[PDB]
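To start, the structure under review is shown below, and the notes come after it.
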Amino acid sequence: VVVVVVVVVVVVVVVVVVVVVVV
Amino acid sequence: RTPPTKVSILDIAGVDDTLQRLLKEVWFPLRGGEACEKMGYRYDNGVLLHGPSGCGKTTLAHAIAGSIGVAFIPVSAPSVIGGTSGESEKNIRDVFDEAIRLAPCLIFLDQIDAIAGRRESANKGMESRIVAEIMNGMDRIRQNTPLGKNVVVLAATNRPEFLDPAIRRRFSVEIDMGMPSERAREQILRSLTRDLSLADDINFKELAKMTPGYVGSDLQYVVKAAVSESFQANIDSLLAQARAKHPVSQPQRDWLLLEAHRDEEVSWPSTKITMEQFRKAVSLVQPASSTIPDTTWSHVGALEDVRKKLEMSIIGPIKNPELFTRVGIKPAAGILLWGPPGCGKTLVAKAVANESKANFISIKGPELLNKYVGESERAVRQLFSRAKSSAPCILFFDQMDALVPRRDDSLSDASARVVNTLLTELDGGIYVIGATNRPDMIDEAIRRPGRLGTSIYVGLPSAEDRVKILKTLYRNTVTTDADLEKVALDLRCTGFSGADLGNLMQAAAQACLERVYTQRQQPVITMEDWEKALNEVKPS
Amino acid sequence: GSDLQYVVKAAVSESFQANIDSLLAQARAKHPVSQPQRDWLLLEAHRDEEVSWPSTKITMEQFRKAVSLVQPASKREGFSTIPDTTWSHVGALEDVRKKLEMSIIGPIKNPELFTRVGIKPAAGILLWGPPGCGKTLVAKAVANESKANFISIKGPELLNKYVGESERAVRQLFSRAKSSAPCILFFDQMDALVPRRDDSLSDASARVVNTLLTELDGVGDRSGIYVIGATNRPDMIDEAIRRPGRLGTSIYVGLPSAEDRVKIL
Amino acid sequence: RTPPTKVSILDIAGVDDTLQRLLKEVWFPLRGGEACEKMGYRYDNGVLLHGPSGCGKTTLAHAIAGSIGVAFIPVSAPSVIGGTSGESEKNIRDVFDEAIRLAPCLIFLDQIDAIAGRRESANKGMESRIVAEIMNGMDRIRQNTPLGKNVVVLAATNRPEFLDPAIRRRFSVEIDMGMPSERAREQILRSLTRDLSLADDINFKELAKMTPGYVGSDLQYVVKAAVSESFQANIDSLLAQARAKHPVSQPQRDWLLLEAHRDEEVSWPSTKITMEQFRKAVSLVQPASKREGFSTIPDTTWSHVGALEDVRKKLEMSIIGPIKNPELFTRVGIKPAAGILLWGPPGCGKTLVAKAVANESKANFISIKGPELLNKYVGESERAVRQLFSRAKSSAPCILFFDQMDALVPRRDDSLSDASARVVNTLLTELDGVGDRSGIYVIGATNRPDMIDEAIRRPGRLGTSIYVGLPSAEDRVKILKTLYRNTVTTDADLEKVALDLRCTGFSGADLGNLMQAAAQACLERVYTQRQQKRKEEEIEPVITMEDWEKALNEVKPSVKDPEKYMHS
Amino acid sequence: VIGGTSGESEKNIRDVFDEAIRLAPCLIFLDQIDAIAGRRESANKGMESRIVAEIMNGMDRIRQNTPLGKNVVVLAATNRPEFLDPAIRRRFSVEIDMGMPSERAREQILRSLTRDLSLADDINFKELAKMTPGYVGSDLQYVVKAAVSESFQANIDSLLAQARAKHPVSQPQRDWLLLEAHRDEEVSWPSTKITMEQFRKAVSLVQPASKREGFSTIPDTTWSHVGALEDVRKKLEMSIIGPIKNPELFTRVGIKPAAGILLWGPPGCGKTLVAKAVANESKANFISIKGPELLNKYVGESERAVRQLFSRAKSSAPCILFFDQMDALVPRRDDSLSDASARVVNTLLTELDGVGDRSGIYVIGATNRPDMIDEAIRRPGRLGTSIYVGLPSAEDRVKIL
Ligand SMILES: Nc1ncnc2c1ncn2[C@@H]1O[C@H](COP(=O)(O)OP(=O)(O)OP(=O)(O)O)[C@@H](O)[C@H]1O
Ligand SMILES: Nc1ncnc2c1ncn2[C@@H]1O[C@H](COP(=O)(O)OP(=O)(O)OP(=O)(O)O)[C@@H](O)[C@H]1O
Ligand SMILES: Nc1ncnc2c1ncn2[C@@H]1O[C@H](COP(=O)(O)OP(=O)(O)OP(=O)(O)O)[C@@H](O)[C@H]1O
Ligand SMILES: Nc1ncnc2c1ncn2[C@@H]1O[C@H](COP(=O)(O)OP(=O)(O)OP(=O)(O)O)[C@@H](O)[C@H]1O
Ligand SMILES: Nc1ncnc2c1ncn2[C@@H]1O[C@H](COP(=O)(O)OP(=O)(O)O)[C@@H](O)[C@H]1O
Ligand SMILES: [Mg+2]
Ligand SMILES: [Mg+2]
Ligand SMILES: [Mg+2]
Ligand SMILES: [Mg+2]
C-alpha cells in the first residue's frame, strides 16, 4: 500500500467593505 | 435508479397549472418519444422548479417520476461533492453518462443551487469547476442521445437567482411554485385528508381562509397535529382498559400497564376528526413565516361610525370578493386613519386584520429611517416584499407623517427618496393602513385615489364612548357594572383616550395587588382601587 | 445524571483515601524530598509485599466532601441553584424591593393570583446603574426570595466564533431555562448583546437581536421565566428591548448608602 | 511488557500536586485492585496528562511505570503506523488485547494527538479509523475485565485541544501539570544539580525567584548552560596551548587552532559551578515560553524618563512594586496583577514610561503594535488574541503593552463590521480571565481616549487610568535636562531654555525636537566655522547656548489644543 | 526523509536518529527544518503530524540512549523559525540569531570572499563595506562574482575580436553566432588583477535581495532640475541628506539617525520634485508610496503591508520612505473614519515611534492638506518637521524658468 498525495479544499477568508452615509 | 411507484398524482394537489405544463414538457418526451422519432427531433427540456421552501418541489418531482414509469435517477446536489477535488466531477460524469446509457431517463437535480452557484463569486477552483462539468454533461445529452429517446433534467431550488446564468439558461422551462391561494389551499387540504375518516362540519374553505402564508409542508403539520388530537380520546380509553385489567407515578404505571399485555391487543374504536380540532391544530402550529391579531370587534368599544367605513372599504371586500367585484368595486390599496394619538388607530387596524383573517404587520413610526443612502428605502421595499408573499396581508404604518413628509422645496434628499419609494410600492391583496395626527404634513401624492386616498377620522371619545370602552376593557380581563359607570363618568377622565382608559385599568389592577399585599401582612377589583387609579393616570 | 455519576466516582476515591493512609503508615513504621515523592517511594518499597487493603464502606461525611469537590455541569454555563443571598445582604434599596416584590417576586409565588385581575406576567425589568453597586447582588436576592432557579450568563461570555451559533445559543438557553421552572435569567452587561436594532447591523448581530426578541415574547406567562437584563448605559441599549410587555419597567440599582459600604469595606 | 526500571521518582521534582493526584488515580487501580474488588467498582478512568510542553510529562509517565511494577506497554503514536491501512488497526488491537490478557496493565499513549486528531478534518479513511479503534478499545477494557485487575490507559499530550472529542470524552481524569511555581522550581534545581559538583554560595531559592515562566526542560538548560560556563576556563587553557604551539579574526583562529590537533586531548580539571556562572547561565537560556511572541526588553530606564513623578509613583507602586516584592504588596491587599490605561495628549511620554516599566521591572514583556492581531482568515484573528494571553499567563509575571489601543477596541457603533467586534469581545473575556493572583500586568496606551470602548475601562478590565499630560514650566526643566544628559552647556543653561515662554505648550517630543533643532543649528555654524578658519579634520562641534536661542524660534508645539485630550 | 509508503517517511527519521546514537559522537544537521517540522496545528495532515512527532521522540532518544562521554548534537537551520512546531522549537536548547552583517562584519566577509583572487593593492575593503548597506553574506558573494566577471570583460572583447577578425543582424547577435562556430576553439584568457574601480562598478550591478521586492527605482531628478527652494533645500540637506552621507558627524552632536519630514503647500510648487531630488541626491535606498496604495480589501492585510513596509526600510537602512499625497493614508481619526482606515493610521503611529526602534528610516510626506493629517503623526518622532513649499517669489520664478 502506497499513500499518494491528494489535494483538498481551501479555507475561507474575510473581506472589508465600505458603506456610504447619507448624513 | 428504478422509478418508485410510491407517491401518486392524487397525493400532490394545487399544481393544476403546473401539472398542465409538465404533461407536454415532461410526460410527452419520456413516454411518447416515438412521435418525436417519426419527426426526428430530440426533445431536451430542462424543467426548473423554484419557489418558497416547503411548497412541494421535491414531492412533485417524485410523484411525476412514479407516474411516468421511465427510469428515474434522483440526484442530491450536496452528495455529488466528494472528498477529492476531482471526485466531485466524477460523480456528475457518472450521472449524465448513466442517463444517456439508460435512455429514456429522468434526472432530478434536487437542490441544484447547492452546487450550480454563481462561479463568479465562487472563486475556488472546485466550486467554479462543478458548474462547468454540469453544463458539459447537459450538452452531451443533446448530442449523444438517440433520436428515439429523450432525457429530461429536472432541477429544484428555492433560490433560482443564485444559479449561474450559464446554468439557468439551460433550464428553459421554469415553474415558479408561488404560494397557494385560498382556493388552492383548500385543494391541498382536501388532498391531504383523502384517506382519513372525517366529520361533516369540516369546512375546508374556512380552513383555507384562516391559514394564510402556509405552504404544503406547514399544512402537513396542521393535519398531523389534528390527527394526534383525534387520538387523544383513543388514548384515555386505552388507559382505562389497562386500569380495568390491573386492580410509582401514574405515567410510569401506564408504561408498565402497556408492557404487560403487548401481544394481547384490544380494539381501538374508529373515531373521526372534528372541525374544532382543526381550528385548535392551526393555533398550535406556528408557520415558518406575521400572525392574525387576537383583537376582535368585541375588544373595540363603540366607534360604530368608524366601523361602518372600515367594514365597507376593507373588511367587506375580503369576505365576499365576488359580491363586491360584481359592481366594479376595486379593493382600494388602503385607508389613511387620522386623529389624536391614543384613540384606537392601532387597535382598529388589528381588529380589521382579525375579522379579515389576514396577516398583520405594524410599524410604530420612524422605524425605517436609516443614516445610509440605500437601507432606509430597502426597509420599505422589504415591508411590501413579505406582505405580497403572505397575501392577504395588512400593512399598518403608524405615525406615517415621519416617513412620508410633504415634498416641498425644503426637503433635502433623504425624505424625498422615501416618499418616492413608498409611492411606487403602493402602486404595485395588500391592504396598507396609515396613521398620522398631522394630515397637513403628509404628501398629497399619497392621499390620491388608488393610493391611501380614503381618510377615516378616529377621534377622542366624548363621554358615552368611554363607558363602552371601560366596560369593554374590564370585561376582557376578568366591581360589577354600576361602579364602571361612576369611573367613566368621573370628571377626572375628561380628556382620557382609549389608551388612557387602558392605563386606568392597569392602575386599578396594581391597586388590587397593594390591597392583597397588606391583607397578607396583617382579591376583587373594588371601587377604592379605581379611586387611586384616577389620581395616578394622566391623559398625556 | 452524569454529575451524580462523578459524585459517586469522587466519593469512591475518597472512600479509598483511608486505605492509602493506612498503607502509607505501615511503610513509615517499617522505615525509621517532598511528601508526595516519599509516598511513591514508600509504596515502591513493598510492592510485591501485598498488604490486604481493608474493605471499608463509604460514609455520609465522605459524600458531603465529594459534593463540594464536584462542580455540576449546569454550573459550567451559568446555571446555578437558588442563591444563598437574602435581603439582609442587600442594604437599603427599599424602593427597589417594593417594585421587585410587585412585578417579579409576586408573580413568581402566585402566578394565579396576579392573573385574576388582568395583570399579565413577564412584565420585564431592566436593572441599570453604575458598575459595582449591586445589580448582580440584588438579582441574586430576587432569585433567592422567589425560590426560583437562577442563571447568570453575561452577554460577552455567550459569544462564539461561528455563524448563527451565537443566536442559536440563546434559544438553547431558554430551552433548559424552561425545563427548570420557575427560573430567573440574568443578562449582565446586556448592552453588548443588544446595542440597537438599526439598519446597519449585518445578518449576524441581527440574528441575535431578533432571536432574543422572540424569546422575550415567549417568556413568563407560559413558563414562569422572568428575564432580567443589566446595563450601565441606558442609552446604548436597543429600543426594541425597552417596550411595554417585554422589558418595560426599569429599576435603577445604584447609590449605596453609608452602612452598605461598611460591610463591603 | 516490563516497567522501565531506570528513571525514579527522585529524578522528577516539582510535580508534588501532580504526584498527589496520580497516587489515587493511576497507582491505586493497578496495585490495590483487590480493595476495589471488595468494594465492587469498575475503574473506567482514562487518565490524561496535559500541560505546557516540557513540563516532564513523558519522563513522569515512565518514572511512574517503573515504580508501579505492573506490566507496562509503551505506545508511540508514529510507531503505530506500519505501512498498511489495515495494519494500523492491527497494532492497536494488539495493545488493548494484550493489556486485557496481561491485566492489570498500564498503557502509555505518548503523543496521542498524533493519531487522535479531530475527525471532522480527518479526510483520509485510515486516519478516521485509528481513532475509532482506539476509542472502542477503551470500552473493551470495561467489559473484558474481572472488575479487579483493572487496566488504566494513560495518555500524555501538550495539545489537549487537538484530541478528538469522541476520545477526550472517554478520558474522565485529566491532570493539568501546568508550570512549576517558585517553590517547585527550587525543588527541580536541587534535583537537577544532584550528580554535579557545586559551590556553597548557590542559593537555589534565589535562582528560582529570577526564573519565572521556566519549565522543567528549561531549568535543565540553565543547569546545562552553567556547566558550559564551568568549562570555559578549561577551554581557554586548551586554546593557550595551541597558541604557544603556533607562532583572520580571533574566534576563527580558535576553531583553526583546535582543528589542528584534534588528537592531543588534554585533561580538563574537575572544577565546580559557582553562583556567578548560574546567573550568567540564566541570561543565556531563553525559556521555551519566551521563544516566540515576546518583544525585546526596551533600553529605556528611569534615567531616560524626566519628571512624571506622579505617573512614576503609580507605575512603581502598581507594576514595578508588585513584581519586585509580591509578598510585601500582597500583605496590604495589592494583588500581583493590574490593568492600566495610559492616556493623554500625543508626545508626552505614554510609550516612554511603558518602555521604562518593562525594563525596570525585569519581567517578561510582550508588545502589540496596534491592530497587529487582526487576520484575514476566519477565527484566526480571534485565536491570536486568545493565544496572546495563553502565553502571558504561562510566563507570569508578564507585561502586555497595547500601544495605540484605540485601534484594537473601537467603540461598538453600527459601522464596526463582524470582524473587529468578534475580537473586542474575545479581548474582553480574556481580560476577565486574568486573575488577581495571575501575574499579568496589562498596560494600554492611547492618545484619543474618546475613541476607545468604555467597556474596556471597567474594573477587572483596564480599570486603572493614568493621565499623562503636558509638562509644566518646572516639569520641562527636568525633561530638558534628561534629554540633554542622555545625548552627551551644563545644567544651568538648560533651565533657561526650558523656562522660556516660547516652550509654553511643548510636550516631551517637542523638547526632543528642540534639542535636535539646536544640534542642527550647531552643525550649520560648524560648517561655516570650518570654512573661515581653514580657507585637516579637527573641528569640534559643541552645542552652545546661542544654538538654543535660534532653536527656540523655529520650534513650535506639536499639540494644538491641550484641553482637547482632557475629555473622555 | 519522505517515503512513498504509509510508514516509510516516519521510519526514515527514526533511522536517522538511531544511526546517530549508534555513531556517537555525532552531529546532525537538519537543513531547512521548517520544511518537515511545521506547525501541525495548521499542517492538517496525518503524515505531516506524525513526522513532527517522530522528530520529538528522536530528539529525546538521543538525550537518553547516548553513553556518557559520547554526545550527539542536533544542528538545525531555518530562515522561518515561526513555522516551527513550538514543541520542537523548545527541543533546541540554543537558538543563535545570525542577523545581517554590520559594517565591520561586511569588511571581514569581503576579505574572506576575496581570499583566493588576484586582487589589486588599491582595494579599500573598509570602503566597500560602508557602500553596501543591507547586504547579507550571500549578497556580498554576488558582488565578488560580478567583479570577477568584470575583470574578464577585457578578456572577452579580445576573444570576440579574435573571432570577428577571423571571418567577415545586430552586433550582440553576431557575437553569439561567432562563438557558436567557435566551439572547442579554446583561446587562452590572460588572468588580470581585479581593479578597485571594478568593485565599485560591481556593487552597482548587484542588487541585494532585500531590494528585490517593493523598492522603487531612484528618481532621475537632481538639484540641477530644482530651481529656487533654497530654504527647503537647506532643511532637507540638514535633516536627511546630511545624516545619510555623514552619520558619524551628526551622531557626535546628538542627532538620532532618523528623520521625519512633512512637505506641505499649494499644489504644483515642487513637493514631489524636491522629494525625488532628496531620494536621488542622498544616494540611499528609496521606497515610494503613491497615495493609498497600501490598502487591501482583506482584514488585517492593509496593516500587514504597512508593518512589512517598515520591515524592509529598517533592514536596508538608510532608506527614504516617500508618502506622496499622504493625507489619503493617515487621515484624522474621527468617529466617521470607519475601522479599515483607522487601523492603518494607528499602525503607522506605532511604526514611526513606538516600542520598536526604526533608526535609519527617513520619512518624507507630501500633501496639499496638511491639516487633514492625524495630529499624532504630526509630532516630533513621526513627522517632526514641516516644510512649507509655497508659491515662488518674483526672483524665484527667474531661477525656475
Ligand atoms: N401540493 C401539495 N399537495 C400535497 N402535499 C403537498 C403539496 N405541497 C407540499 N405537500 C406536502 O408538504 C411536504 C413537501 O415536501 P417537499 O420536500 O417537496 O417540500 P419542498 O417544497 O420541496 O421544500 P424543501 O425544498 O424545503 O424540501 C410533503 O410532506 C408533502 O406531502
Ligand atoms: N520537574 C522536572 N525535574 C527534572 N527534570 C525535568 C523536570 N521536568 C522536565 N524535566 C526534564 O526535561 C525533559 C522533559 O521531557 P518530556 O518529554 O517529559 O517533556 P514534556 O513535558 O513531556 O513535553 P513534551 O510532551 O512536549 O515532550 C527531560 O529531559 C527531563 O529530565
Ligand atoms: N519625561 C520625559 N523625559 C524625557 N523625554 C521625554 C519625556 N516624555 C516624553 N519624552 C520624549 O518624547 C518621546 C515621546 O515618545 P512616546 O511614544 O511616549 O510619545 P507619546 O507621549 O506616547 O505620544 P504618542 O501618542 O504620539 O505615542 C519620548 O520617546 C522622548 O523622546
Ligand atoms: N522650484 C521649482 N523649480 C523647478 N521646477 C519646479 C519647481 N516647482 C515646481 N516645478 C515643476 O513643476 C512640476 C510639479 O511636480 P510636483 O509633483 O512637484 O508638483 P507638486 O508641487 O508636488 O504638487 P502636488 O503635490 O499637488 O502634485 C515639477 O515636476 C517641475 O517640473
Ligand atoms: N374602542 C376601544 N375599546 C377598547 N380599547 C381601546 C379602544 N380604543 C383604544 N383602546 C385601547 O387603547 C390602547 C392604544 O390603542 P391605539 O390608540 O390603537 O394605539 P396607539 O395608542 O399606539 O395609537 C390599546 O391598548 C387599546 O386597548
Ligand atoms: Mg422538498
Ligand atoms: Mg514530553
Ligand atoms: Mg507613544
Ligand atoms: Mg505633486
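Residue numbers start at 1 in each chain; chains themselves are named A, B, ... in the order of the C-alpha cells; ligands are numbered from 1 in the order shown.
Considering only C-alpha atoms and all ligand atoms, the residues that reside within 12 Å of ligand 6 can be listed as residues 49, 50, 51, 52, 53, 54, 55, 56, 57, 58, 59, 60, 61, 62, 76, 108, 109, 110, 111, 112, 155, 156, 157, 158, 177, 215, 216 and 217 of chain B.
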### Message
Considering only helix (DSSP H, G or I) as DSSP defines it on the backbone, what residues of region 269-503 of chain D qualify? List them as a PyMOL selection string.
### Response
chain D and resi 275-284+288-290+309-318+320-324+326-331+350-360+380-392+405-407+417-433+449-451+454-457+473-487+492-498+501-503
### Message
ligand 4: which residues are within 12 Å, counting only C-alpha atoms and all ligand atoms? Reply as a count of residues only.
### Response
58
### Message
Applying 10 Å and only C-alpha atoms, which residues near region 143-154 of chain C remain after dropping the ones on its own chain fewer than 2 positions away? List them as a PyMOL selection string.
### Response
chain C and resi 74-75+77-87+101+104-109+136-141+156-159+173+177+180-190+192-193+224-230
### Task
Considering only C-alpha atoms, return as a list in words whatever protein or nucleic-acid residues lie within 8 Å of residue 331 (chain E), sequence-local ones (same chain, fewer than 4 positions apart) excluded.
residues 327, 341, 345, 372, 373 and 374 of chain E
Can you write out the residues you just picked, keeping N, CA and C atoms, as a compact mmCIF listing (two decimals), in the first residue's frame?
# COMPACT_ATOMS: atom_id res chain seq x y z
N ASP E 327 -2.17 62.45 2.89
CA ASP E 327 -3.44 62.59 3.60
C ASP E 327 -4.41 61.46 3.28
N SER E 341 -9.69 52.23 7.72
CA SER E 341 -8.71 53.30 7.61
C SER E 341 -8.18 53.77 8.95
N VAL E 345 -3.98 54.08 10.33
CA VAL E 345 -3.36 55.24 10.96
C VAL E 345 -2.61 54.82 12.21
N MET E 372 -5.35 67.96 7.35
CA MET E 372 -6.14 66.74 7.32
C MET E 372 -5.35 65.50 7.73
N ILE E 373 -4.12 65.66 8.15
CA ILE E 373 -3.32 64.55 8.63
C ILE E 373 -3.55 64.44 10.13
N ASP E 374 -3.50 63.21 10.64
CA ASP E 374 -3.70 62.97 12.07
C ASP E 374 -2.70 63.74 12.91
